[PDB]
Amino acid sequence: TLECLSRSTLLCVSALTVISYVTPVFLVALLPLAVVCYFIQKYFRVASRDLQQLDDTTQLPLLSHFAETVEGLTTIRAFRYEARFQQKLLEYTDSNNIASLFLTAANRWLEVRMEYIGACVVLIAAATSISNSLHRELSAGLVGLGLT
Amino acid sequence: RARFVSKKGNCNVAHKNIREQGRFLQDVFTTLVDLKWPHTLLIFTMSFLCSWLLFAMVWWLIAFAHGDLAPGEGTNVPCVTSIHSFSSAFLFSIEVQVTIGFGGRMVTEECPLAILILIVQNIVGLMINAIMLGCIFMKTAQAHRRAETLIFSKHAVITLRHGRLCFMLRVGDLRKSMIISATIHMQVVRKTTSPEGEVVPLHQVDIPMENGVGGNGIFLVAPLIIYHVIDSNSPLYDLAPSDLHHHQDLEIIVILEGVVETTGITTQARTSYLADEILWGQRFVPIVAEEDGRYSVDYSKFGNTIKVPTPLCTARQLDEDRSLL
Amino acid sequence: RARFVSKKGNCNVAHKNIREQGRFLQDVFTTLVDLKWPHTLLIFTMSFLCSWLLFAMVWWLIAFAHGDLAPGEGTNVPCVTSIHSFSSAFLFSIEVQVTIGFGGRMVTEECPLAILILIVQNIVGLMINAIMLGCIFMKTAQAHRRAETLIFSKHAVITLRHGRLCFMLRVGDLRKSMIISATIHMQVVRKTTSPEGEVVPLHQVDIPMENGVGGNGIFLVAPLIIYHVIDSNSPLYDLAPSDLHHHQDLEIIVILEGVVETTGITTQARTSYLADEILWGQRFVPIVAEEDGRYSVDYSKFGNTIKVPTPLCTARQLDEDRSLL
Amino acid sequence: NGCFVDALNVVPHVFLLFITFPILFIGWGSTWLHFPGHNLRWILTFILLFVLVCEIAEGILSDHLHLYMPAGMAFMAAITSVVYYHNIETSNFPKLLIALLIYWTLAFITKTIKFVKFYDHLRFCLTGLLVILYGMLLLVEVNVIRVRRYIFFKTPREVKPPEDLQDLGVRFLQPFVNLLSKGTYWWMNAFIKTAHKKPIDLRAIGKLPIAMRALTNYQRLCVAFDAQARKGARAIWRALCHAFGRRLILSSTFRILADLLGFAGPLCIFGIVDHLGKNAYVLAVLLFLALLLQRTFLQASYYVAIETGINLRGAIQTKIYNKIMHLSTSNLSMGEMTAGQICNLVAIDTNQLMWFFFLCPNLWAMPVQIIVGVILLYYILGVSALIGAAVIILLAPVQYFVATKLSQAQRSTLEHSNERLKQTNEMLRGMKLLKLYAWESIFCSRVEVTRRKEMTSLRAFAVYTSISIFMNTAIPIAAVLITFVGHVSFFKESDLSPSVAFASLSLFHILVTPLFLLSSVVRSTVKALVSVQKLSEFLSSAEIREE
Ligand SMILES: Nc1ncnc2c1ncn2[C@@H]1O[C@H](COP(=O)(O)OP(=O)(O)O)[C@@H](O)[C@H]1O
Ligand SMILES: Nc1ncnc2c1ncn2[C@@H]1O[C@H](COP(=O)(O)OP(=O)(O)O)[C@@H](O)[C@H]1O
């Protein structure tokens with residue numbers, strides 16, 4: 001994970017630097033992208049922290065219950081309370097599942113809006129390219145770098 | 001057998017030997033409003049087109065009669081300038097009637113007869129426009145759709161509350177809009193024979209709605225079971241539990257009156273319960289439930305019913321047993 | 001915990017499992033009136049512009065189709081004289097629709113299709129004008145701003161009057177306009193369990209408004225504390241003073257009904273008081289004061305309250321002590 | 001009379017846009033009812049959006065306002081049809097549907113007239129597809145009236161909106177929303193906005209849907225397990241793959257479509273560069289649309305994979321908890337049914353099976369991806385394909401051998417860590433007696449020796465992964481260099497226009513990304529294999545004997 005993160009951040013740096021070099025005008029369209037992305041990341045951060053905390057606080061009691069059922073076997077199978085204990089475990093596992101599901105759903109939502117942000121940036125990067133680097137800049141080699 | 005007033009609220013009794021001559025065009029002016037929006041739009045466009053065609057015909061006739069319709073240059077001025085055929089005549093009629101006034105065809109100061117036909121055309125048009133506006137506004141003001149939402153459980157039950165036999169029946173609202181000062185007039189009909197040898201074919205008697213210290217009205221927010229307790233003084237106190245299901249003919253009607261908020265009109269809902277409809281010794285399922293942070297009402301259990309181990313006996317014999325126990 | 005009806009007067013109970021198909025365009029004709037004056041003006045201009053543009057488009061189309069839009073001299077007469085582009089077509093549409101009739105561009109008696117489009121344009125315009133006038137007048141007639149002024153002190157108190165425990169709660173007017181025949185329906189809700197094993201989730205019961213010989217109504221000029229005395233027959237007579245503050249769930253609602261003067265509609269105000277809202281053993285400060293030559297009412301002391309050395313005990317135990325003293 | 005037919009087409013869009021505004025403004029001023037063809041309707045509406053973009057492109061190429069207005073009007077007409085269908089999904093009516101049906105019929109008529117007048121004499125295709133799409137939406141509307149109550153006899157016999165996902169008390173609605181929203185998780189908006197206003201709680205978050213409860217997953221899983229038994233470690237694996245089924249397959253199909261579009265992007269780059277060297281803005285718009293579409297479908301695939309994984313976790317958790325009941329204490333006395341061993345089972349197998357079931361749809365698209373990559377790069381390289389082909393064929397077998405040498409270390413790693421955990425368990429529950437007469441050095445040296453063996457396994461794994469990354473970078477760069485040098489001067493004699501160069505670099509990067517990933521995938525793959533072997537040996541413990 002650490003190495004993939006480093007590779008991806010260096011790729012992002014390279015791409016931003018290349019696009020800035022090919023079209024010195026793009027620095028007028030980068031700050032709104034950064035601002036909107038920053039605000040949405042800030043909004044996602046608190047909800048993500050809350051969902052992770054709730055995930056942990058529901059995941060602990062399920063494993064406590066598992067251990068206690070495993071050790072105190074004879075008593076539970078003596079009372080013949082097995083229906084009650086299975087119902088209890090069903091309750092706990094359903095709560096665990098919903099917590100995990102909401103965490104991953106928030107993850108997916110942030111990813112989707114980030115991909116829309118990336119679509120915006122690549123779109124208007126290519127648009128400013130096809131416009132400026134052809135009409136007024138008249139440069140050929142920079143187009144390939146920019147779009148790639 | 002025959003019912004007194006139907007479940008939907010409409011009346012069942014059909015009148016015979018009515019007199020004559022009722023509704024001399026005023027109740028027809030209101031029966032017109034009563035008709036459904038499509039039929040009312042149809043009759044409105046019908047009236048308008050009828051008047052338009054009538055006056056178009058008379059204008060074509062007068063232009064033909066003066067000779068101005070005969071195409072000729074000089075020795076005359078047409079009473080209505082630039083009129084050629086029936087089409088332009090109808091165009092002039094719709095131009096002067098609905099008050100658009102194109103002015104391509106001009107009525108002139110040569111013929112006073114055209115002046116008279118115009119001076120009657122305009123006033124009749126204004127009068128028909130005024131009635132057709134007032135009537136559509138009057139029709140618009142009502143709200144029947146808001147009125148027909150009153151709901152009463154299909155069958156009513158009896159139970160034993162506070163050691164006394166009681167009548168339980170559900171009412172309720174179906175929209176956000178409330179109903180102000182809703183009162184209950186609970187009545188019972190029966191073919192009765194007086195001790196003086198007089199037989200009445202149907203006898204309405206008020207059975208009380210048991211509320212607080214007094215009051216004939218209630219307050220409707222959630223489905224509230226109307227709670228009455230039959231006592232030795234009540235007229236319904238004499239019947240038996242095994243004879244009601246099949247043979248007897250007893251109609252218990254409720255009349256819930258109340259004024260709606262937005263319109264301010266006083267509507268009501270009337271419903272009947274027959275001898276074969278009502279049943280014995282049961283209990284409704286609790287509707288309201290403590291939800292997340294509110295009260296949840298489930299209308300699926302509205303007409304649901306559970307068995308209750310309650311004694312089955314007649315109200316007179318039940319009162320005698322209460323005197324004995 | 002959950003409340004029955006909110007302080008502002010709106011209802012809190014949320015319905016579930018409602019049926020279907022209610023409000024088949026008539027309740028939408030009234031929900032339109034309900035919307036705020038800005039939204040209603042927006043939708044009115046929207047409807048008008050929609051119809052105008054629709055018929056302008058169809059007129060430009062028909063003038064294009066006949067070939068009269070193709071600029072040519074002779075061999076034809078345009079169905080609408082002097083029509084050149086879409087701009088003049090829209091001008092003709094607004095000239096014939098809203099019935100101004102400039103008459104610079106004249107519809108002729110050569111094309112009956114233009115006659116038909118005009119004869120439908122005018123009737124649809126008249127119908128939409130009639131509905132948009134009736135609806136704005138109907139909306140105008142109401143007065144909600146006059147309705148929402150009812151005020152009830154935030155918390156109600158209990159005191160000892162005439163040797164009996166009593167309920168004191170302030171009401172009042174906020175405008176010069178009076179309210180005719182205002183009646184009080186004072187009710188209490190509670191989750192009750194009958195002796196027959198029946199548990200109700202909420203139980204409305206009428207607690208009387210204690211006035212003269214009779215009467216369910218009052219007269220509102222100045223803030224008048226509604227005066228009720230709980231007795232052994234009252235449903236509220238059984239509670240305790242130390243258990244109401246925190247644990248118990250008792251909602252005491254008041255429903256003040258009455259018809260306003262100028263409009264004649266019957267409005268009402270509903271408010272709730274919880275177990276944690278109501279307090280014990282206090283007295284309101286006298287509002288009215290003998291001014292220079294009138295009576296001055298100070299609304300700053302409306303919700304103010306002073307301590308009173310009154311005994312604190314349950315109403316059942318208080319009645320037992322009254323039997324002992 | 002071309003302009004005449006253009007106007008005749010403009011008319012019905014205007015009619016619909018004018019009737020939509022009163023109703024839309026009343027509606028703009030909690031039971032979801034769905035109709036058959038809903039998803040088909042939204043799919044067709046997106047196809048309409050695309051074809052309308054193409055029509056606008058044609059209108060730009062030709063220009064004459066009245067000649068390209070029909071596209072700009074059908075655009076708002078389709079968006080307003082979407083608004084109508086949202087207003088009908090939220091509250092059902094028999095009349096709004098007829099209001100749509102009228103417009104569909106009239107638009108079909110106008111398009112037919114256009115087609116005839118064209119036949120008598122690029123436009124043809126765009127127009128033909130338009131007519132076909134209008135016709136299919138018409139058939140959908142006819143199906144809808146055939147179903148419940150457009151005019152049909154008296155009562156709809158209407159469904160009674162679904163209580164499974166509409167039951168009071170539910171917060172999570174993925175299955176209970178509209179076609180277009182599921183991709184974006186628009187429903188989440190409220191929730192994420194709410195969370196900031198008030199902290200989140202378990203009573204805040206809802207319950208689980210009808211089709212999400214662990215009871216039904218356990219039910220399905222046991223039914224499949226029984227069917228498999230009537231026909232061991234392999235059997236339960238077959239049962240798992242069977243049970244998730246169609247959802248898992250769908251996740252794979254979404255990923256494959258996303259992959260084909262992801263390859264499509266670089267082709268648009270090639271076209272843009274070629275026109276820059278010399279039908280270009282269309283390339284930008286189409287490229288933007290393609291990128292957006294790939295992102296949407298990739299995220300949907302990830303979501304459905306996660307769904308399948310969480311359901312797997314729930315089902316196997318409840319299955320092993322039910323089986324713990326019938327387990328006999330004579331197994332509990334043995335090391336195989338150690339309590340610490342069973343809790344390690346639950347926790348780490350939840351983890352490993354969930355991670356493998358998130359990464360399995362990702363690898364069920366690597367083969368199709370690489371195949372399409374090479375079939376695309378042939379048409380771009382030409383006779384210079386041999387070098388890249390030899391490179392990406394020389395990559396595979398050495399990678400297979402490296403992965404084998406990796407898995408062998410990883411399995412022994414797991415065995416050693418599993419014994420270390422039990423040594424720690426028996427070390428911590430007796431720290432009192434341990435510190436009492438100070439036997440610490442012995443147990444600490446034993447755990448240190450176990451840690452050293454585990455570290456040997458880990459260092460073997462790490463050296464092998466380093467060699468893997470070295471290869472996965474060195475072979476690619478050599479490939480690019482060789483191919484380009486070969487084309488320019490070695491044989492081809494056709495000057496590589498920069499478009500070819502950059503498109504090759506793009507496709508090549510797309511090919512490179514999966515290879516780096518598969519090395520990490522093996523780490524979860526052998527772990528899933530080991531976890532299932534352990535789970536099957538745990539299920540094979542001694543039963544309790546019924547009287
Ligand atoms: N869930 C509901 N929501 C609104 N109205 C209802 C509902 N169920 C029934 N109604 C109406 O109110 C009346 C209540 O009767 P009901 O309890 O349904 O007994 P039944 O099922 O035999 O008709 C019915 O006549 C029906 O028209
Ligand atoms: N001076 C006033 N004039 C008019 N209305 C008032 C005045 N004071 C309060 N009200 C309204 O009437 C109600 C009386 O409650 P109040 O006596 O003010 O207790 P509190 O101060 O705790 O709100 C309040 O809800 C308020 O909206």
# chains A, B, ... in the order shown; residues from 1 in each chain; ligands from 1

call {"tool": "interface_residues", "arguments": {"of": "chain C", "to": "chain D", "cutoff": "8 Å", "atoms": "only C-alpha atoms", "output": "list in words"}}
result
residues 16, 21, 32, 35, 39, 43, 46, 47, 50, 51, 54, 57, 58, 61, 64 and 65 of chain C

call {"tool": "residues_around", "arguments": {"residues": "residue 251 (chain D)", "least_positions_apart": "2", "cutoff": "12 Å", "atoms": "only C-alpha atoms", "output": "ChimeraX atom specification"}}
result
/D:244-249,253-258,297-309,357-365

call {"tool": "residues_around", "arguments": {"residues": "region 105-112 of chain B", "least_positions_apart": "2", "cutoff": "9 Å", "atoms": "only C-alpha atoms", "output": "VMD selection string"}}
result
chain B and resid 66 77 to 83 88 92 102 to 103 114 to 117

call {"tool": "residues_near_ligand", "arguments": {"ligand": "ligand 2", "cutoff": "7 Å", "atoms": "only C-alpha atoms and all ligand atoms", "output": "PyMOL selection string"}}
result
chain C and resi 151-154+174+299-300+302-304

call {"tool": "write_last_selection", "arguments": {"atoms": "N, CA, C and O atoms", "output": "PDB file, in the first residue's frame"}}
result
ATOM      1  N   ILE C 151     -51.869  32.438  21.101  1.00  0.00           N
ATOM      2  CA  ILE C 151     -50.757  32.230  22.025  1.00  0.00           C
ATOM      3  C   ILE C 151     -51.161  31.629  23.371  1.00  0.00           C
ATOM      4  O   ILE C 151     -52.122  32.070  24.001  1.00  0.00           O
ATOM      5  N   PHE C 152     -50.423  30.609  23.797  1.00  0.00           N
ATOM      6  CA  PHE C 152     -50.658  29.954  25.077  1.00  0.00           C
ATOM      7  C   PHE C 152     -49.345  29.945  25.852  1.00  0.00           C
ATOM      8  O   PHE C 152     -48.306  29.584  25.298  1.00  0.00           O
ATOM      9  N   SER C 153     -49.375  30.334  27.123  1.00  0.00           N
ATOM     10  CA  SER C 153     -48.141  30.348  27.897  1.00  0.00           C
ATOM     11  C   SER C 153     -47.378  29.044  27.686  1.00  0.00           C
ATOM     12  O   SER C 153     -47.968  27.988  27.442  1.00  0.00           O
ATOM     13  N   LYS C 154     -46.046  29.131  27.768  1.00  0.00           N
ATOM     14  CA  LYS C 154     -45.208  27.984  27.416  1.00  0.00           C
ATOM     15  C   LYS C 154     -45.439  26.811  28.358  1.00  0.00           C
ATOM     16  O   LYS C 154     -45.527  25.658  27.915  1.00  0.00           O
ATOM     17  N   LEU C 174     -53.964  38.562  19.884  1.00  0.00           N
ATOM     18  CA  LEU C 174     -52.814  39.337  19.448  1.00  0.00           C
ATOM     19  C   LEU C 174     -53.171  40.429  18.448  1.00  0.00           C
ATOM     20  O   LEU C 174     -52.274  41.148  17.991  1.00  0.00           O
ATOM     21  N   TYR C 299     -47.595  42.290  28.482  1.00  0.00           N
ATOM     22  CA  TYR C 299     -47.261  40.955  28.009  1.00  0.00           C
ATOM     23  C   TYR C 299     -45.850  40.522  28.381  1.00  0.00           C
ATOM     24  O   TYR C 299     -45.459  39.398  28.048  1.00  0.00           O
ATOM     25  N   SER C 300     -45.077  41.375  29.057  1.00  0.00           N
ATOM     26  CA  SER C 300     -43.778  40.948  29.566  1.00  0.00           C
ATOM     27  C   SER C 300     -43.942  39.992  30.741  1.00  0.00           C
ATOM     28  O   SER C 300     -43.186  39.020  30.870  1.00  0.00           O
ATOM     29  N   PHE C 302     -46.394  38.036  31.016  1.00  0.00           N
ATOM     30  CA  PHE C 302     -47.315  37.000  30.552  1.00  0.00           C
ATOM     31  C   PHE C 302     -46.882  35.623  31.040  1.00  0.00           C
ATOM     32  O   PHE C 302     -47.679  34.877  31.622  1.00  0.00           O
ATOM     33  N   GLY C 303     -45.625  35.270  30.810  1.00  0.00           N
ATOM     34  CA  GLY C 303     -45.079  34.015  31.276  1.00  0.00           C
ATOM     35  C   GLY C 303     -44.338  34.086  32.592  1.00  0.00           C
ATOM     36  O   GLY C 303     -43.648  33.125  32.946  1.00  0.00           O
ATOM     37  N   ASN C 304     -44.452  35.188  33.328  1.00  0.00           N
ATOM     38  CA  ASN C 304     -43.772  35.291  34.608  1.00  0.00           C
ATOM     39  C   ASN C 304     -44.587  34.614  35.704  1.00  0.00           C
ATOM     40  O   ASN C 304     -45.807  34.457  35.609  1.00  0.00           O
TER      41      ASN C 304
END

call {"tool": "select_by_dssp", "arguments": {"residues": "region 28-263 of chain B", "states": "strand (DSSP E)", "output": "PyMOL selection string"}}
result
chain B and resi 157-161+164-169+179-189+192-193+199-200+205-206+226-229+251-260

call {"tool": "residues_around", "arguments": {"residues": "residue 57 (chain A)", "least_positions_apart": "3", "cutoff": "12 Å", "atoms": "only C-alpha atoms", "output": "short mmCIF file (atom, residue, chain, number, x, y, z; two decimals) with N, CA, C and O atoms, in the first residue's frame"}}
result
data_model
loop_
_atom_site.label_atom_id
_atom_site.label_comp_id
_atom_site.auth_asym_id
_atom_site.auth_seq_id
_atom_site.Cartn_x
_atom_site.Cartn_y
_atom_site.Cartn_z
N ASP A 50 -16.38 8.65 11.33
CA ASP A 50 -17.51 8.18 12.13
C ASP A 50 -17.88 6.75 11.77
O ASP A 50 -18.11 5.91 12.66
N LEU A 51 -17.94 6.44 10.47
CA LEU A 51 -18.30 5.09 10.05
C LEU A 51 -17.24 4.07 10.48
O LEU A 51 -17.59 2.96 10.90
N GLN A 52 -15.96 4.43 10.39
CA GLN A 52 -14.91 3.51 10.84
C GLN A 52 -15.02 3.25 12.34
O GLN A 52 -14.89 2.10 12.80
N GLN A 53 -15.26 4.31 13.13
CA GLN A 53 -15.40 4.14 14.57
C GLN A 53 -16.58 3.24 14.90
O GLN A 53 -16.48 2.34 15.75
N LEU A 54 -17.72 3.45 14.23
CA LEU A 54 -18.88 2.60 14.47
C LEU A 54 -18.61 1.17 14.04
O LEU A 54 -19.06 0.21 14.69
N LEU A 60 -16.21 -5.36 17.77
CA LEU A 60 -15.68 -5.96 19.00
C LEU A 60 -16.68 -6.90 19.68
O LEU A 60 -16.29 -8.05 20.00
N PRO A 61 -17.94 -6.52 19.93
CA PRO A 61 -18.83 -7.42 20.69
C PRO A 61 -19.15 -8.72 19.99
O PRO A 61 -19.40 -9.72 20.66
N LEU A 62 -19.14 -8.75 18.65
CA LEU A 62 -19.40 -10.00 17.94
C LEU A 62 -18.33 -11.04 18.26
O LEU A 62 -18.65 -12.21 18.54
N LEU A 63 -17.06 -10.64 18.24
CA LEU A 63 -15.98 -11.56 18.56
C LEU A 63 -15.94 -11.91 20.04
O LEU A 63 -15.61 -13.05 20.40
N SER A 64 -16.29 -10.96 20.92
CA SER A 64 -16.46 -11.31 22.33
C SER A 64 -17.50 -12.42 22.49
O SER A 64 -17.29 -13.40 23.22
N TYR A 92 -26.32 -9.54 16.13
CA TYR A 92 -25.00 -8.91 16.10
C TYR A 92 -24.41 -8.90 14.70
O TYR A 92 -23.82 -7.90 14.27
N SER A 95 -26.03 -6.25 12.47
CA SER A 95 -25.53 -4.91 12.76
C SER A 95 -24.12 -4.71 12.21
O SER A 95 -23.80 -3.66 11.63
N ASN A 96 -23.25 -5.72 12.38
CA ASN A 96 -21.92 -5.64 11.79
C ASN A 96 -21.99 -5.45 10.28
O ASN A 96 -21.27 -4.61 9.71
N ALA A 99 -23.05 -1.88 9.30
CA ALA A 99 -21.96 -0.93 9.52
C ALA A 99 -20.93 -1.00 8.39
O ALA A 99 -20.56 0.03 7.80
N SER A 100 -20.47 -2.22 8.08
CA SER A 100 -19.51 -2.39 6.99
C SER A 100 -20.08 -1.87 5.66
O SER A 100 -19.36 -1.24 4.87
N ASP D 201 -25.28 7.08 14.77
CA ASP D 201 -25.58 6.07 15.77
C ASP D 201 -26.12 4.82 15.09
O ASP D 201 -26.49 4.84 13.91
N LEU D 202 -26.15 3.72 15.84
CA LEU D 202 -26.72 2.47 15.33
C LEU D 202 -28.22 2.59 15.15
O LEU D 202 -28.78 2.05 14.18
#

call {"tool": "interface_residues", "arguments": {"of": "chain B", "to": "chain C", "cutoff": "7 Å", "atoms": "only C-alpha atoms", "output": "CSV table (one decimal) with N, CA and C atoms, in the first residue's frame"}}
result
chain,number,residue,atom,x,y,z
B,87,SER,N,-67.4,33.4,-44.5
B,87,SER,CA,-66.2,33.2,-43.7
B,87,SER,C,-65.8,34.5,-43.1
B,88,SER,N,-65.7,35.6,-43.9
B,88,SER,CA,-65.4,36.9,-43.3
B,88,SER,C,-66.4,37.4,-42.3
B,99,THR,N,-64.2,40.4,-28.2
B,99,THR,CA,-63.6,41.7,-27.9
B,99,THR,C,-62.1,41.7,-28.2
B,100,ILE,N,-61.7,41.2,-29.4
B,100,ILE,CA,-60.4,41.4,-29.9
B,100,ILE,C,-60.3,42.6,-30.9
B,101,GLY,N,-61.3,42.8,-31.7
B,101,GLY,CA,-61.4,44.0,-32.5
B,101,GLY,C,-60.2,44.2,-33.5
B,102,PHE,N,-60.2,43.3,-34.5
B,102,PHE,CA,-59.1,43.4,-35.5
B,102,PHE,C,-59.2,44.7,-36.3
B,103,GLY,N,-60.4,45.2,-36.7
B,103,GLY,CA,-60.5,46.4,-37.4
B,103,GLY,C,-60.2,46.4,-38.8
B,104,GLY,N,-59.9,45.2,-39.4
B,104,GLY,CA,-59.8,45.1,-40.9
B,104,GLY,C,-61.1,45.3,-41.6
B,133,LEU,N,-67.9,32.9,-16.0
B,133,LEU,CA,-66.8,33.0,-15.1
B,133,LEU,C,-67.2,32.8,-13.6
B,137,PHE,N,-65.7,29.7,-11.2
B,137,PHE,CA,-65.1,30.0,-9.9
B,137,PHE,C,-65.8,29.3,-8.8
B,145,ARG,N,-63.4,16.0,-3.4
B,145,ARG,CA,-62.3,15.0,-3.3
B,145,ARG,C,-61.8,15.0,-1.8
B,160,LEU,N,-65.9,-5.8,26.7
B,160,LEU,CA,-66.3,-5.6,28.1
B,160,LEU,C,-65.2,-4.7,28.7
B,161,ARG,N,-65.5,-3.5,28.9
B,161,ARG,CA,-64.6,-2.5,29.5
B,161,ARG,C,-65.1,-2.0,30.8
B,162,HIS,N,-64.2,-1.9,31.8
B,162,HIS,CA,-64.6,-1.4,33.2
B,162,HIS,C,-65.8,-2.1,33.7
B,211,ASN,N,-67.9,10.6,25.9
B,211,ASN,CA,-66.8,11.5,26.0
B,211,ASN,C,-66.6,11.9,27.5
B,212,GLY,N,-65.8,13.0,27.7
B,212,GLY,CA,-65.7,13.6,29.0
B,212,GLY,C,-66.9,14.2,29.5
B,213,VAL,N,-66.8,15.0,30.5
B,213,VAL,CA,-67.9,15.5,31.3
B,213,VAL,C,-69.2,15.7,30.4
B,261,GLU,N,-60.8,22.7,7.1
B,261,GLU,CA,-60.0,23.9,7.4
B,261,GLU,C,-60.0,24.8,6.2
B,264,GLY,N,-63.7,25.8,4.8
B,264,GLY,CA,-64.6,26.3,5.8
B,264,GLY,C,-66.0,25.7,5.7
B,286,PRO,N,-53.8,-2.9,18.5
B,286,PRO,CA,-53.3,-1.6,18.7
B,286,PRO,C,-52.6,-1.1,17.4
B,288,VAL,N,-51.4,2.4,16.9
B,288,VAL,CA,-50.3,3.3,17.2
B,288,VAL,C,-49.1,2.5,17.8
B,289,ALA,N,-47.9,2.9,17.4
B,289,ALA,CA,-46.7,2.3,17.9
B,289,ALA,C,-45.6,3.3,18.1
B,293,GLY,N,-38.8,8.2,16.8
B,293,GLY,CA,-39.0,9.4,17.6
B,293,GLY,C,-40.4,9.9,17.5
B,294,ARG,N,-41.3,9.2,16.9
B,294,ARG,CA,-42.7,9.6,16.7
B,294,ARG,C,-43.7,8.5,17.0
B,295,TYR,N,-44.9,8.6,16.6
B,295,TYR,CA,-45.9,7.6,16.7
B,295,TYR,C,-46.3,7.1,15.3
B,296,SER,N,-46.1,5.8,15.0
B,296,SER,CA,-46.4,5.2,13.7
B,296,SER,C,-47.7,4.5,13.8
B,297,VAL,N,-48.6,4.9,12.8
B,297,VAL,CA,-49.9,4.3,12.7
B,297,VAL,C,-49.9,3.4,11.5
B,298,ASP,N,-50.2,2.1,11.7
B,298,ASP,CA,-50.3,1.1,10.7
B,298,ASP,C,-51.7,0.8,10.3
B,299,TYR,N,-52.1,1.1,9.1
B,299,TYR,CA,-53.5,1.0,8.6
B,299,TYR,C,-53.8,-0.4,8.1
B,300,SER,N,-52.8,-1.3,8.0
B,300,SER,CA,-53.0,-2.7,7.7
B,300,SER,C,-53.8,-3.4,8.8

call {"tool": "interface_residues", "arguments": {"of": "chain D", "to": "chain A", "cutoff": "7 Å", "atoms": "only C-alpha atoms", "output": "ChimeraX atom specification"}}
result
/D:184-185,192,195,200,208,213-214,269,273,276-277,284,288,291-292,295-296,299,303,310,314,339,343,499,502,506

call {"tool": "atom_distance", "arguments": {"atom1": "CA of residue 36 (chain B)", "atom2": "atom 27 (O, counted along the ligand's line) of ligand 1"}}
result
22.8 Å

call {"tool": "atom_distance", "arguments": {"atom1": "CA of residue 56 (chain B)", "atom2": "CA of residue 52 (chain C)"}}
result
26.8 Å

call {"tool": "atom_distance", "arguments": {"atom1": "CA of residue 312 (chain C)", "atom2": "CA of residue 250 (chain C)"}}
result
19.2 Å

call {"tool": "residues_around", "arguments": {"residues": "residue 519 (chain D)", "least_positions_apart": "4", "cutoff": "8 Å", "atoms": "only C-alpha atoms", "output": "compact mmCIF listing (two decimals) with N, CA, C and O atoms, in the first residue's frame"}}
result
# COMPACT_ATOMS: atom_id res chain seq x y z
N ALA D 403 5.66 -16.39 -9.21
CA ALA D 403 4.49 -16.51 -8.34
C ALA D 403 4.50 -17.83 -7.58
O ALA D 403 4.09 -17.87 -6.41
N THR D 465 9.04 -10.37 -4.17
CA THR D 465 8.21 -9.27 -4.66
C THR D 465 9.05 -8.15 -5.26
O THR D 465 8.64 -7.51 -6.23
N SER D 468 9.92 -9.20 -8.61
CA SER D 468 8.72 -9.08 -9.43
C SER D 468 8.54 -7.65 -9.95
O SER D 468 8.27 -7.44 -11.14
N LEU D 515 -0.36 -5.95 -14.36
CA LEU D 515 0.74 -6.85 -14.00
C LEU D 515 1.27 -6.55 -12.61
O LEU D 515 1.54 -7.48 -11.83
N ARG D 523 -1.01 -12.73 -2.87
CA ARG D 523 -0.99 -12.68 -1.41
C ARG D 523 -2.37 -12.96 -0.82
O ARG D 523 -2.49 -13.67 0.18
